[PDB]
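Undergrad: Here it is: the structure, laid out below.
Cβ placement follows ideal geometry from the backbone for every residue including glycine, while neighbour counts extend to all protein chains displayed. We did not get these values from a lab; they are worked out from the coordinates using the rules stated.
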Amino acid sequence: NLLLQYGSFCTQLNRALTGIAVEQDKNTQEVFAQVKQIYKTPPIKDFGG
Amino acid sequence: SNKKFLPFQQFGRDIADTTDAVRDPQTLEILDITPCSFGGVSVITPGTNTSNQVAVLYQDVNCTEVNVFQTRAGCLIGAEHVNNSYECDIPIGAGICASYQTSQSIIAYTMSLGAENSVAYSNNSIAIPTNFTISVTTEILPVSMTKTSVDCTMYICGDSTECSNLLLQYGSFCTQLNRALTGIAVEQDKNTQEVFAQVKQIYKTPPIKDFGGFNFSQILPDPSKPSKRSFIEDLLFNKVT
Amino acid sequence: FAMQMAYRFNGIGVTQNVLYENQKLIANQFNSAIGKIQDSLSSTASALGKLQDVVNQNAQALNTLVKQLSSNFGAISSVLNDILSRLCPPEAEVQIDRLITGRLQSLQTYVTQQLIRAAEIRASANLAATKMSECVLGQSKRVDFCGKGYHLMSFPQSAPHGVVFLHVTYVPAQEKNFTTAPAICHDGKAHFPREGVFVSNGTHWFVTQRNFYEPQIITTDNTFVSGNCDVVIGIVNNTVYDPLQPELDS
Amino acid sequence: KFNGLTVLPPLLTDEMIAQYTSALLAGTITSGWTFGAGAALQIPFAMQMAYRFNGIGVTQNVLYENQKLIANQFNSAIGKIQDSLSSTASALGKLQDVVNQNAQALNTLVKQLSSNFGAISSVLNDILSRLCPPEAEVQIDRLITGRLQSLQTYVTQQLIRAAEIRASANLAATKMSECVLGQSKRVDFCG
């Protein structure tokens, strides 16, 4: 009840630590998920030697 | 517990000074104190423009301390498990994404990364294209932000002499928030300076648009507008509020 | 401008006979691609998500700052003119020192949010100032720096607190399998292509360029000699035509 | 730990990241760099490196006349990566520091709960059981003022540190596009 007197200091630290935690799923999205499909190797690995 | 206290020891503490283990003062045994089961509650929903149906993610619990689906992020209640794998629509965590589909409900599924495509490789087979396409993509970047400025005296002690005299005791907290919000607001005129004002002169189109058969009239400026802006620039100025 | 795109096709290794022999085709694939931008803009309001978020995250941080004025911070009333009209100056300076301590912390929280957020926009303006210089005022050989595909040219468009590019990219579409080979014996010499690769439709061999199937008869103007046949793995046999030979045959 | 400091799991599991770096890896091997432009186009890998040597001004007769030499200089160079990884633990210093600087900033945040901040005791349940509500609201207002300053210090450390990772993810997302899905003419941008 004493913390409610300070106002929205609580509900903006949960917003700032969400705005980080969203783009941590966007950083891994931008680095790896650039290929549009999922390619896979042929079963015979004759790559020139 | 197995925390063997010494016969003079009463409390066992945590890193954060809260008591982790106590000794029962009648039958001298040792008791752990685990705080009661807690977790964040996240409400997975589609928009209320679409529906009023939700599905609740209990973060980082098991499906005992509470159709009822288990993830590695917690106990998801209200969303139906689906064996199919789609693209991610509402991201949950640890590979699961939820969506609102068809008789309609909220489904949860392991998301799909893309269609599987084995390339027909061999040691003497090349695949040269015979035909092409000219695709015009769109890349949208922020350049500047709103140049604000906060009066550090009128905000704190607005139109009050008895408060402004108390604010002078704190020193230069006022005259450095006006400097920090000026140091932002100067470079917001430098960001727009560096992006656009790279051309040294102002070129303009010839009046006859015989550009090989191409049609640039959708991106060149329109003289009939009051602010001489193009047709696509006018679509962009009405989609941002 | 028909000769500008022939420079632009030379920047991506496509020989400029592809442009002039298909100029009416590219004019209809370029004009119809501009015409799909508007229907991708006049209906989908979520296209401008990176720029509406800049407006939203600043109207959010001002309307959080203004709502901090309605908090008591431990004092008896959030209205500063209600402490001065209801308390005595020995006691009122205790209550006002809780509001000044509370509101000044709410500005330092706001300015620190603005310094970090304006350090994100400056890192996104220097990325835009790099895409203005390297991708409008030139042609970029940097893959996926200027839209997915081989890049030709860009056209900037202004936008509310931002810039919008129209990256015009070259994307290859219709393919055919071909039996290839890295080399050709002719007289024991190993002819390698100057620009392009050797292919075969199944019966005869052709040298063609890399990014558009344009088969040519394998001559000594397309190929250069290096070494002999005994070293290259995968060399095939063929005759390589000589342009000089029927001249001196007659 | 139990103090409301949860750790949210990432969206993409470590099995899905090892499916992108097989899709980004089976396209570079079998299809050259044309899987970054349009559809992936198969090409024999001895003929891909002859494009790659043409990108650096080396005429492709160097490749085919030395293909067994480059195959043994490439396979033996992969074989030295493991002995540079299976023994030297300090190779991963940029990534162990990301884990260390966040377990440090949480274990500084948790240790702030054991500070008195001017109040008589850092245990909030020991002020409520030993003081009267006119007096206890003086002591608790010193802890709330102290702990809330310790969160704003922590979040400001996290916003600045996550602005360093995003500048190091956009550098990684640039090296993924320009240096895996193509060939870079930028000197010392790719080793």
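Undergrad: Within the range D:102-117, which residues have the backbone N less than 20 Å from the label spot 7 Å out from D:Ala89 along Cα→beta-carbon, could you tell me?
TA: D:102-104
Undergrad: Is the shape of the protein assembly as shown best called rounded, prolate or oblate, per the rule: a/c under 1.5 gives rounded, else a/b larger than b/c gives prolate, else oblate, with a ≥ b ≥ c the square roots of the Cα gyration tensor eigenvalues?
TA: Details: a/c = 2.64, a/b = 1.73, b/c = 1.53.
Taking the square roots of the gyration eigenvalues as a ≥ b ≥ c, the protein assembly as shown is prolate.
Undergrad: Oh, and also: Based on the Cβ-Cβ distance of C:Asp230 and D:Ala18, what FRET efficiency does E = 1/(1 + (r/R0)^6) give at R0 = 41 Å, to the nearest 0.05? Spell out each step's value before the answer.
TA: Numbers: r = 43 Å, r/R0 = 1.04.
With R0 = 41 Å, the Cβ-Cβ based efficiency is 0.45.
Undergrad: Nearest 20 debye, what's the magnitude of the dipole of chain C about its Cα centre given +1 on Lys and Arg Cβ and -1 on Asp and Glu Cβ? Please report the intermediate quantities before stating the final value.
TA: Working: 18 positive and 19 negative charges, 189 e Å.
For this selection, approximately 900 debye.
Undergrad: How do C:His167, C:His151 line up, fewest other C-beta atoms within 10 Å first?
TA: Values: C:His167 23, C:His151 27.
Listing C:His167, C:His151 from fewest to most nearby Cβ atoms yields C:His167, C:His151.
Undergrad: Sequence gap at least 6, Cα distance under 8 Å: using those rules, report the relative contact order of the range C:1-84 to the nearest whole percent.
TA: It rounds to 11 percent for the range C:1-84.
Undergrad: Checking the a/c ratio against 1.5 first, then a/b against b/c, what shape does the Cα gyration tensor give for the range B:1-127?
TA: Taking the square roots of the gyration eigenvalues as a ≥ b ≥ c, the range B:1-127 is oblate.
Undergrad: Pairs of alpha-carbon atoms within less than 8 angstrom and 6+ residues apart define the contacts here; what relative contact order does chain C have, in percent?
TA: Relative CO of chain C lands at 13 percent.
Undergrad: What's the FRET efficiency of B:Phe196 with D:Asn107 using the Cβ-Cβ distance as r and R₀ = 56 Å, to the nearest 0.05?
TA: The pair B:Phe196/D:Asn107 has a calculated efficiency of 0.75.
Undergrad: Sticking with this structure for a sec: Picking from D:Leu148, D:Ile160, D:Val123, whose Cα lies most toward the positive end of the charge dipole for the range D:29-170 (charges on Cβ: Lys, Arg +1; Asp, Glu -1)?
TA: Positive-most Cα among the choices belongs to D:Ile160.
Undergrad: Identify the GluC sites (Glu not before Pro) of the range C:154-250 meeting these criteria: DSSP loop state and at most 15 other C-beta atoms within 10 Å of the C-beta.
TA: C:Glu195
Undergrad: For chain D, which span is the longest to avoid every loop-located (per DSSP) member of chymotrypsin sites (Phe, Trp or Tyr not before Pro) having at most 16 other Cβ atoms inside 10 Å?
TA: D:3-116
Undergrad: Would you please give the FRET efficiency between D:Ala172 and C:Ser77, computed as 1/(1 + (r/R0)^6) with r the Cβ-Cβ distance and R0 = 60 Å, to the nearest 0.05?
TA: 0.70
Undergrad: In this model, which of A:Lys36/C:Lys176; B:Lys3/D:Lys111; B:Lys228/C:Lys36; B:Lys190/C:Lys36; A:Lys26/C:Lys176; A:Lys45/C:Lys176 are farther than 29 Å apart at the alpha-carbon?
TA: B:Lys190/C:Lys36; A:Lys26/C:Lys176
Undergrad: Oh, and also: Restricting to DSSP loop positions (anything but H, G, I, E, B) with no more than 11 other Cβ atoms inside 10 Å of their own Cβ, which trypsin sites (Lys or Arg not before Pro) remain in the range D:61-95? Write down the numbers at each step before the final one.
TA: On the way: sites: D:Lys68, D:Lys80, D:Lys94; in loops: none.
Loop-located and lightly packed - none at all.
Undergrad: Could you please report the charge total around D:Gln42, scoring K, R as +1 and D, E as -1 over all other residues with beta-carbon less than 15 angstrom from its beta-carbon?
TA: +2
Undergrad: Sort out for me the Cα centre separation of the range D:112-191 from the range C:59-94, rounded to whole Å.
TA: 28
Undergrad: I would also like to ask the following. Only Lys, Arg, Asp and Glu count, each charged at its Cβ (+1, +1, -1, -1), so figure out the dipole size of chain A about its Cα centre, rounded to 20 debye.
TA: With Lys and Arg at +1 and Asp and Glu at -1, about 120 debye.
Undergrad: Please report the spacing between the Cα centers of the range B:1-60 and the range C:115-189 in Å, no decimals.
TA: 53
Undergrad: At 30 angstrom or more along the helix axis (alpha-carbon based) and mean Kyte-Doolittle of -1.0 or higher, what helices does chain D contain? Whole DSSP H runs only.
TA: On the way: long enough: D:133-179 (67 Å, -0.17).
Span-like helices here: D:133-179.
Undergrad: Run through the range C:78-173 and list the trypsin sites (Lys or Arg not before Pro) located in a DSSP loop whose Cβ has at most 13 other Cβ atoms within 10 Å.
TA: Passing both the DSSP loop test and the Cβ count: C:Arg86.
Undergrad: Under a Cβ-Cβ cut-off of 15 Å, what is the net charge of the residues other than B:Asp189 that fall near it, where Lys and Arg count +1 and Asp and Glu count -1?
TA: On the way: positive: B:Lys147, B:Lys190, C:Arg122; negative: B:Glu187, B:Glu194.
Combined, the nearby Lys, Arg, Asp and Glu give +1.
Undergrad: Taking square-rooted eigenvalues a ≥ b ≥ c of the alpha carbon gyration tensor, is chain B rounded, prolate or oblate, where a/c under 1.5 means rounded and, failing that, a/b exceeding b/c means prolate?
TA: Because a/c hits 1.5 or more and a/b fails to exceed b/c, chain B counts as oblate.
Undergrad: In whole Å, what is the distance between the alpha-carbon centres of the range B:114-158 and the range C:16-49?
TA: Using only Cα atoms to place each centre, the spacing works out to 18 Å.
Undergrad: Sum -39500 (n - 2.57) across every DSSP H segment of at least 4 residues in the protein assembly as shown, then divide by the residue count to get the 222 nm mean residue ellipticity, nearest 500.
TA: Counting only the DSSP helices, I get -12500 deg cm²/dmol.
Undergrad: Here's something else I'd like to know. Rounding to the nearest 10 and keeping the result within 0 to 90°, find how far the Cα-based axis of helix A:10-32 lies from the longest principal axis of chain A.
TA: 10
Undergrad: OK, next. Give me the dipole magnitude in Debye, nearest 20, for the protein assembly as shown about the Cα centre, with unit charges on the beta carbon: positive for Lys and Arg, negative for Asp and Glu.
TA: Dipole of the protein assembly as shown, to the nearest 20 debye: 800 debye.
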